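Listed next as structure tokens is one chain, alone, in the form deposited in one PDB entry.
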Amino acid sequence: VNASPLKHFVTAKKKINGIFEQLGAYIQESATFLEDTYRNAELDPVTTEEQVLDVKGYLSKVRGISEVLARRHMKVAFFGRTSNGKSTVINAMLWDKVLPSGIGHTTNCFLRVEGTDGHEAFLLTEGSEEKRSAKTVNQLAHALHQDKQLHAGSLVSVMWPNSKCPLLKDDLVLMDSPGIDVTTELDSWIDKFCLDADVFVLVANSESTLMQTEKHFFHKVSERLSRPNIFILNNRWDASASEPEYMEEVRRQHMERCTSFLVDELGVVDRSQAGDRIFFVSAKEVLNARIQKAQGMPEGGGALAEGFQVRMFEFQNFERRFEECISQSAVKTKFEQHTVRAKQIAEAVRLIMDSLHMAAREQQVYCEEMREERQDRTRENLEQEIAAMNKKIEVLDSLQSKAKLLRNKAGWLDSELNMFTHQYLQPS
């Protein structure tokens, strides 16, 4: 978790999935015990049909939740005016040209990059549900054009091999968006694609300023989400090297504008945190440097202007703050409610087990007093009637002991869930 913060999410996901398997086993064991106890015709009922059916229903519910928990992931979504550099930023983070991001190109739809354990990339168009190959980035871009049905509300998933990008292997999904100016029905974008985003990145043009259409979208994000994690990349900052008489003053103005936006307008970060959310970068520099590095050549070959390493460190600082943020936030956001659910379900089963225990114990006490009163009713058959009473007392004592043991197992699950909560669900 010190090496790559995203392993925090990977490890949390493994742990809570494993707890849910143990919970399923426990509920299964309990259901079998209840069902056998309900069927016992040698005793007055110590359980009800409602308890049997409730516990079976909890098993069904827990197996459904396991299916959801297995698919949970971190999601970062990128927004900004066309040609600010969104696709280049994504490609830079993935160390490769995954999404089309060249000159003369515009992406008209949402693109969603997700890892696959497969050996080849491929495309999945949502809604239409067809699968196409994407062995090169020109082949992908060819596929987005020949699909005339794609519009600003469409989404195509790019399933990219895991072995290439640790980000993707560690359960991160990256979402690219059409230019922010393409529509004003931006409510639709948030409904469809953003409510499960753990981090939002505004990729702005550092050559100009934050556009009002860009800020307006993040006003709406703040309306829909509680303290959303918002980063601002002032991209294309290599251009500033061309205007050195302005660069430091322009940086100061941009920084104050962006800080005012996040702190005083949205109120989603404090002023002392703003330096960890706003960065001045050249995504094209980073991408080309990493492509060179990946192929075994100096990273300096990616430089577009004087000051390459300064801008590179700024992008690496962004990535570090990003991974620290998304891993901690997504673990809490994506697992807290199922953790609470698992505690409620375990408690309901514990309650049922304790009720069986009490009912058996009470019936056992009744038999023990019946046994002691036999001596006043029977002398010749006293020992046989006592021995028959003893058999029923032993069956009830066995039920009470087993029920008590299963009740106690619920406490083991609740303690595992509390330790998960302590390690992974504390607020920041």
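All residue numbers are counted from 1 along the displayed sequence. In this text, the rigid core denotes the largest set of C-alpha atoms whose superposition between the two forms falls within 1.5 Å.
Another form, the form deposited in another entry, is not on view; read the next lines as being about it.
- [ ] Once the rigid core is lined up, just say which one of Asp36, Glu49, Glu29, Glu372 has a C-alpha that travels 2 Å or more between the shown form and the other one.
- [x] The listed residue whose C-alpha shifts by at least 2 Å is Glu372.
- [ ] Taking the rigid core as the superposition reference, indicate whether the CA of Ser240 shifts 2 angstroms or more between the shown form and the other one.
- [x] Superposed on the core, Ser240 moves its C-alpha 2 Å or more between the shown form and the other one.
Open item on the list: Superposing on the rigid core, is the Cα displacement of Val221 between the shown form and the other one 2 Å or more?
Closed with: After core superposition, the C-alpha of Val221 moves less than 2 Å between the shown form and the other one.
Open item on the list: At a 2 Å cut-off on C-alpha positions, does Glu185 qualify as shifted between the shown form and the other one after fitting the rigid core?
Closed with: The answer is yes, as the C-alpha of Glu185 shifts between the shown form and the other one by 2 Å or more after core alignment.
Task: Closer or farther: C-alpha pair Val182/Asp264 in that other deposited form, relative to this form, given a change of 3 Å or more - done: Those two alpha carbons end up closer in that other deposited form.
TODO: Quick one: in that other deposited form, is the Cα gap between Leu140 and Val182 smaller or bigger than here? Answer closer or farther; it shifts by 3 Å or more.
DONE: So the answer is farther.
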